[PDB]
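Undergrad: Sequence first, structure after, both from an experimental entry:
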Amino acid sequence: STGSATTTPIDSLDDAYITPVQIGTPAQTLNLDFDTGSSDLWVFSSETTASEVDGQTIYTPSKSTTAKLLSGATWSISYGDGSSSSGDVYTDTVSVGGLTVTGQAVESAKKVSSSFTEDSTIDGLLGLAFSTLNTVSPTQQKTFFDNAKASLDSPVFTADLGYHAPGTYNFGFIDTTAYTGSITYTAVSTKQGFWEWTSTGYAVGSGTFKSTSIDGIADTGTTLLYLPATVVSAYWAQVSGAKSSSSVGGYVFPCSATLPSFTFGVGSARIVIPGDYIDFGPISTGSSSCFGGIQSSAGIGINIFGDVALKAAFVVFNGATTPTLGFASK
């Protein structure tokens, strides 16, 4: 089997991407944030504290003839950006882009943090990291991909995120029309439960390539590119007037600037992030200070190849017995 679904930015800055997912019988379609940095599929629901729902579409398990309470199971998750959610668990039928899993754990939120409430466009998350990170207790549950894997034509999914435009998540096949040149595959460590890999270096604009190992995770659920302070300082030093602002929470730059590109290495291959991808717009409405899309990972504890990086590439998440990651230009 295979599946193919379009993923759409939630706003004009590509702050996140939503993908429609069918849950239950008859189908209830919710727009979920596909997140390769976590492993829970959770949804706003009829059980979510009413004051914490503000415009989201909810899953109502009592209206699904295939929903079953997973008796005794609870979940609770906290994300790197400080947001959180928790609740109980149902199993139900879940379909993405024509690919159907029966008996999928659908985690129903009883509580969500304010960041989730305030984002009316995101109805929940669909985790695509390794199932060892799943938070369901006392019986850990499998991700959608893990459940689908044996049925797929090939045990893979791909992320093809757009810049200020829709893109695609495919399951079970590689669309050879979706990228240019060849796909360069690179090793993955699953020891922390993430799609963790090692970039071979970077360049700023038309500058020379610096060969250096940068360990980090491929994370579709993180907006920006978080890299070591040395790398980030080297990038912003090429933008006149750019500076790190404690008050704002990172690097900002004059909105009058033209941003240089940023290149990252994948083995001997190179992925170029155009400068415009690094512009996240005025820090507040009307400001001439703009927020940067490359930020320091210092004090996150990990480097994160988030959407800023991933949207410059066609990315293969290969879930074979020994997982790997593939990157192609597009």
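TA: That came through fine. Residues are numbered from 1 along each chain as shown.
Undergrad: how much space between residue 288 and residue 142?
TA: For residue 288, the distance to residue 142 equals 48 Å [Cβ to Cβ, to the nearest Å]. Placement of C-beta: from N, CA and C, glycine included.
Undergrad: And the two? Which one has more around it.
TA: Using other Cβ atoms under 10 Å, the more surrounded residue of residue 288 and residue 142 is residue 142, with 19 against 10.
Undergrad: can you pull the contacts of the residue nearest to the more buried one when sequence neighbours are not counted?
TA: Closest residue to residue 142 apart from its sequence neighbours, by Cβ to Cβ, 6 or more residues apart in numbering: residue 131 at 4.7 Å. Counting by Cβ atoms under 8 Å, 6 or more residues apart in numbering, residue 131 makes contact with 39, 140, 141, 142, 143, 146.
Undergrad: Just to check, the fourth one is in contact with residue 132?
TA: No - using Cβ atoms under 8 Å, residue 142 makes no contact with residue 132, being 10.1 Å away.
Undergrad: quick one: which of the contacts of residue 131 sit in helices?
TA: residue 146 (DSSP state H).
Undergrad: Buried subset of the contacts of residue 131, written for PyMOL?
TA: Buried residues within the contacts of residue 131, by 16 or more other Cβ atoms under 10 Å, are selected in PyMOL with:
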select buried, resi 39+141+142+143+146
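Undergrad: any chance of the contacts of residue 131 in JSON lines, with distance to residue 250 too?
TA: Shown next, in JSON lines, are the contacts of residue 131 (distance: Cβ to Cβ, whole Å):
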{"residue": "39", "distance to residue 250": "27"}
{"residue": "140", "distance to residue 250": "35"}
{"residue": "141", "distance to residue 250": "35"}
{"residue": "142", "distance to residue 250": "36"}
{"residue": "143", "distance to residue 250": "31"}
{"residue": "146", "distance to residue 250": "34"}
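Undergrad: out of everything not next to it in sequence, what's closest to residue 19?
TA: Spatially, and ignoring its direct neighbours in sequence, residue 19 is nearest to residue 7 (4.4 Å; Cβ to Cβ, 6+ apart).
Undergrad: For whichever strand or helix holds that neighbour, which helices and strands make contact with it?
TA: Using DSSP states H and E, residue 7 sits within strand 3-9. Other elements packing on strand 3-9 under the criterion 3 or more Cβ pairs under 8 Å, 6 or more residues apart in numbering; DSSP states H and E are strand 17-23, strand 84-96, strand 167-171.
Undergrad: With distance to residue 198 and mean neighbour count added, can I get these in a markdown table?
TA: A markdown table is the format used below for the helices and strands packed on strand 3-9 (distance: least, Cβ to Cβ, whole Å; neighbours: other Cβ atoms under 10 Å):
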| stretch | distance to residue 198 | mean neighbour count |
| --- | --- | --- |
| strand 17-23 | 25 | 22 |
| strand 84-96 | 30 | 22 |
| strand 167-171 | 24 | 22 |
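Undergrad: which one of those lies closest to residue 227?
TA: Nearest to residue 227, of all these, is strand 17-23, at 21.2 Å by Cβ to Cβ.
Undergrad: Downstream of that closest one, the next helix or strand is which one?
TA: Assigned by DSSP H and E, the successor of strand 17-23 is strand 28-35.
Undergrad: Quick check: buried residues in that next one?
TA: Buried residues in strand 28-35 (16+ other Cβ under 10 Å): 28, 30, 31, 32, 33, 34, 35.
Undergrad: ok, now stretch 293-310?
TA: Buried residues in stretch 293-310, counted by 16+ other Cβ under 10 Å: 293-297, 303-310.
Undergrad: Return the subset of the residues you listed lying in strands.
TA: Those of those mapping onto strands are 294, 295, 296, 303, 304, 305, per DSSP state E.
Undergrad: Check the contact between the first one and residue 262; I expect there is one.
TA: Looking back up the chat, that one is residue 294. Yes - assessed by Cβ under 8 Å, residue 294 is found in contact with residue 262 at 6.2 Å.
Undergrad: Now the common contact residues for these two.
TA: What both residue 294 and residue 262 touch, as defined by Cβ under 8 Å, 6+ apart, is the set 225, 235, 278.
Undergrad: May I ask which of the residues you listed has the most neighbours?
TA: Within those, most neighbours by other Cβ under 10 Å means residue 225, with 29 neighbours.
Undergrad: what's near enough to touch that one?
TA: Residues near residue 225 by Cβ under 8 Å, 6+ apart: 262, 273, 278, 293, 294, 295, 304, 305, 306, 308, 309.
Undergrad: Now do the buried residues in the helix or strand where residue 272 lies.
TA: Using DSSP H and E, residue 272 falls within strand 269-273. Residues of strand 269-273 classed as buried: 269, 270, 271, 273 (neighbour count, 16+ other Cβ under 10 Å).
Undergrad: Could you do stretch 309-317 as well?
TA: 309, 310, 311, 312, 313, 314, 315, 316, 317.
Undergrad: And those, which is closest to residue 158?
TA: Checking the buried residues of stretch 309-317 one by one against residue 158 (Cβ to Cβ), the nearest turns out to be residue 316, at 5.3 Å.
Undergrad: hmm, back to that, distance to residue 109 added to the helices and strands packed on strand 3-9, as CSV?
TA: Converted to CSV, the helices and strands packed on strand 3-9 look like this (distance: least, Cβ to Cβ, whole Å):
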stretch, distance to residue 109
strand 17-23, 13
strand 84-96, 4
strand 167-171, 22
